[PDB]
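Participant: This is the structure I want to talk about, given as structure tokens.
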Amino acid sequence: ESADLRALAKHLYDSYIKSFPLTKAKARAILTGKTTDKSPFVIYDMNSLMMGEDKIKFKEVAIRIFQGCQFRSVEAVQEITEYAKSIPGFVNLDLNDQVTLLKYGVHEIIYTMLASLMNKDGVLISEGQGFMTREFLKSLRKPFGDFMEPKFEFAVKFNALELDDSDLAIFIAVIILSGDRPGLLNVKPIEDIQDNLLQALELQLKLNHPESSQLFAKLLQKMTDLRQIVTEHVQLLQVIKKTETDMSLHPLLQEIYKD
Amino acid sequence: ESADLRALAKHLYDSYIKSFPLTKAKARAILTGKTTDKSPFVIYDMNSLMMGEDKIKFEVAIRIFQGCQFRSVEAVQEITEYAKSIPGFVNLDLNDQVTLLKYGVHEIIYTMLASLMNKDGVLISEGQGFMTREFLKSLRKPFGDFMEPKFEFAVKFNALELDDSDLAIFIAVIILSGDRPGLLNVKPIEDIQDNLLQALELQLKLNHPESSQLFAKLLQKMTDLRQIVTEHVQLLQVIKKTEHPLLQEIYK
Ligand SMILES: O=C(O)c1c(Sc2ccccc2)c2cc(Cl)ccc2n1Cc1ccc(Cl)cc1
């Protein structure tokens, strides 16, 4: 029945609101100039980089950003995990599976919501207080100049679909409850929920975006882009783990990463 | 007007059946042997336990309370789904919704843990098990005292013979407690609790006419509930001193 799906859309939107303080809609207000939010201090060079500790709340310059990006990730992990817990069925699954959905589905979800924070020119940082240009990032040191660039490439392809937060919440769920991830014990109950999530999404996109022909297919097809950018990341991470054996990864991120 | 409260009373009860798979009527049948159709595997000492993972699919004392937490999390989800059926619950400020559940869940979980409990132990795994109280008292410290206070409370609580139709309005009242720290807009909250309480007060009289001042005795147990949770949280404090990083994060 329609009504059962649209009621599941409501439920997940609501959890998404309750688990993610910087929504895409908050993000876009800041990035355009609406008077519902005030303005970001742009960081675009080492000079601005250094009023940045003064103005907005917050060792090589390139690495200090990394360990900042890395701390943001763990907060984002902490946040997606809370959102999964609301996904009907998820907590009832086997527990070894729950950790395997999270461990693999987390990064794909990061880079999806990181797109809400990005436009062609840069990325909000610090709960929106900051904004860091794409040009600054790509100009950093020879391992680090290439970390956020393919994130940007995806985000501009992705943001063109013009999803709002309420669509995103359902698409986030499908991502989590995949069923094709390595090491799952009972894929069938997973697949059964994801079938329900896909149904919900399918309806939701047709209702929210009635002129957007085949947005469902175009949405789901972007699950390929995400996969590939997780792959470049992991590989790129292991380079600096031995360029700077000085630098440390936080334990929960450590667990996520199982080469 | 009493029609609305009788109407609220069944709207909640129906929502409670949809939200909670294992009801007190259901449990009660299993405990008393009345419904002989199925009989729960019982875990009375060590060797019954290791045998129990085979029958009911899921150190020893650690694995036990660890499984005790997995079900809390499941239960929280069933509570949350129920909450959203309470008239006007979803109409409140999303922050106030999160705060009512943040502080309300534990009180509700021991309440419905009481439906699962008699003098001698507690039903486990959707009732397909029964773990003896004496087996859980034999656990290592601090684990041998964990469920002992809860057992104490359930016997007193189960002594007010409440049914699921009662508990349905009761626990609603727990959730609309306007004194949870950090609320932003309390009027609507207290506005719903004063409605739940009217409906609970009527429900107690009609369902328990011979039970004198039961309303009052129910409201007094909410002292024993709050005291229980306080007592619970800081034993999880001293278990943070005795014992995947992904797992710790699912369990907050
Ligand atoms: O998942 C279960 O059914 C369960 C469990 S899980 C378990 C089963 C066997 C050995 C260790 C843990 C449980 C454990 C204890 Cl010490 C007390 C009550 C327990 N239960 C029953 C329970 C039901 C509901 C809620 Cl809210 C919390 C607990």
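By order of appearance in the structure tokens: chains A, B, ..., then residues from 1 within every chain, and ligands from 1 in the order shown.
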Taking only C-alpha atoms and all ligand atoms into account, which residues have an atom no farther than 6 Å from ligand 1? I'd like them as a list in words.

Facilitator: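 Residues lying within 6 Å of ligand 1: residues 64, 65, 67, 68, 71, 72, 75, 109, 113, 123, 124, 125 and 126 of chain B.
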
Participant: With N, CA, C and O atoms retained, write the just-selected residues as a CSV table (one decimal), in the first residue's frame.

Facilitator:
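Here's the written file out28.csv:
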```csv
chain,number,residue,atom,x,y,z
B,64,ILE,N,26.4,-12.5,28.9
B,64,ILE,CA,25.0,-12.4,29.3
B,64,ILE,C,24.5,-11.0,29.3
B,64,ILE,O,23.6,-10.7,28.6
B,65,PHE,N,25.2,-10.1,30.0
B,65,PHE,CA,24.6,-8.7,30.1
B,65,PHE,C,24.8,-8.0,28.7
B,65,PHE,O,24.1,-7.1,28.4
B,67,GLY,N,24.2,-9.5,25.9
B,67,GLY,CA,23.0,-9.8,25.3
B,67,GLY,C,21.8,-9.1,25.9
B,67,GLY,O,20.8,-8.8,25.3
B,68,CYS,N,22.0,-8.7,27.2
B,68,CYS,CA,21.0,-7.9,27.9
B,68,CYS,C,20.9,-6.5,27.3
B,68,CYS,O,19.8,-5.9,27.3
B,71,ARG,N,19.0,-6.4,23.6
B,71,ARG,CA,17.6,-6.4,23.6
B,71,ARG,C,17.0,-5.0,24.0
B,71,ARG,O,16.0,-4.6,23.5
B,72,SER,N,17.7,-4.3,25.0
B,72,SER,CA,17.4,-3.0,25.3
B,72,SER,C,17.2,-2.1,24.0
B,72,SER,O,16.2,-1.5,23.8
B,75,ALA,N,14.4,-3.0,22.1
B,75,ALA,CA,13.2,-2.5,22.9
B,75,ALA,C,13.0,-1.0,22.7
B,75,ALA,O,11.8,-0.6,22.5
B,109,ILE,N,11.6,0.4,30.2
B,109,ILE,CA,12.1,-0.9,29.9
B,109,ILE,C,12.1,-1.8,31.2
B,109,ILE,O,11.8,-3.0,31.1
B,113,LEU,N,10.1,-5.1,31.5
B,113,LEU,CA,10.8,-6.2,32.1
B,113,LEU,C,10.0,-6.8,33.2
B,113,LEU,O,10.1,-8.0,33.4
B,123,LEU,N,11.6,-14.4,31.6
B,123,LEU,CA,11.6,-14.8,30.2
B,123,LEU,C,12.6,-14.1,29.3
B,123,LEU,O,12.8,-12.9,29.4
B,124,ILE,N,13.1,-14.9,28.4
B,124,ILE,CA,14.3,-14.5,27.6
B,124,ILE,C,14.0,-14.8,26.1
B,124,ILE,O,13.1,-15.7,25.9
B,125,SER,N,14.5,-14.1,25.2
B,125,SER,CA,14.4,-14.4,23.7
B,125,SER,C,12.9,-14.5,23.3
B,125,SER,O,12.6,-15.6,22.9
B,126,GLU,N,12.1,-13.5,23.5
B,126,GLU,CA,10.7,-13.5,23.0
B,126,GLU,C,10.0,-14.7,23.7
B,126,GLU,O,9.1,-15.2,23.1
```

Participant: What residues in chain A lie within 12 Å of chain B, counting only C-alpha atoms, written as JSON, numbers by chain?

Facilitator: {"A": [7, 8, 10, 11, 12, 13, 14, 15, 16, 17, 18, 19, 21, 74, 75, 76, 77, 78, 79, 80, 81, 82, 83, 84, 85, 86, 87, 88, 89, 90, 91, 92, 93, 94, 95, 96, 97, 98, 99, 100, 101, 102, 103, 104, 106, 250, 251, 252, 253, 254, 255, 256, 257]}

Participant: Of the residues B:10, B:232, B:217, B:102, which is the one nearest to residue B:183, using only C-alpha atoms?

Facilitator: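 Answer, going by the shortest atom-to-atom distance: B:102.
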
Participant: Can you tell me which residues surround stretch 228-234 of chain A at a distance of at most 10 Å, considering only C-alpha atoms, apart from same-chain residues fewer than 2 positions away, and format the answer as a list in words?

Facilitator: residues 104, 106, 107, 108, 110, 111, 146, 147, 148, 150, 151, 153, 154, 223, 224, 225, 226, 236, 237, 238, 239, 257, 258 and 259 of chain A

Participant: What is the atom CA of residue A:31 to atom CA of residue A:69 distance in Å?

Facilitator: 19.5 Å

Participant: As number ranges by chain, please: every residue in stretch 27-141 of chain B that DSSP puts in strand (DSSP E).

Facilitator: B: 41-43, 121-124, 129-132

Participant: Go ahead and write the residues just picked, C-alpha atoms, as a short mmCIF file (atom, residue, chain, number, x, y, z; two decimals), in the first residue's frame.

Facilitator:
```
data_model
loop_
_atom_site.label_atom_id
_atom_site.label_comp_id
_atom_site.auth_asym_id
_atom_site.auth_seq_id
_atom_site.Cartn_x
_atom_site.Cartn_y
_atom_site.Cartn_z
CA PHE B 41 13.83 -23.97 27.63
CA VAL B 42 15.11 -23.05 31.09
CA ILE B 43 18.61 -21.88 32.01
CA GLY B 121 13.28 -15.66 37.01
CA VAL B 122 12.63 -13.91 33.73
CA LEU B 123 11.59 -14.85 30.21
CA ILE B 124 14.27 -14.47 27.56
CA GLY B 129 13.69 -19.12 27.28
CA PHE B 130 13.46 -18.59 31.00
CA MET B 131 16.53 -17.68 33.02
CA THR B 132 16.23 -18.48 36.71
#
```
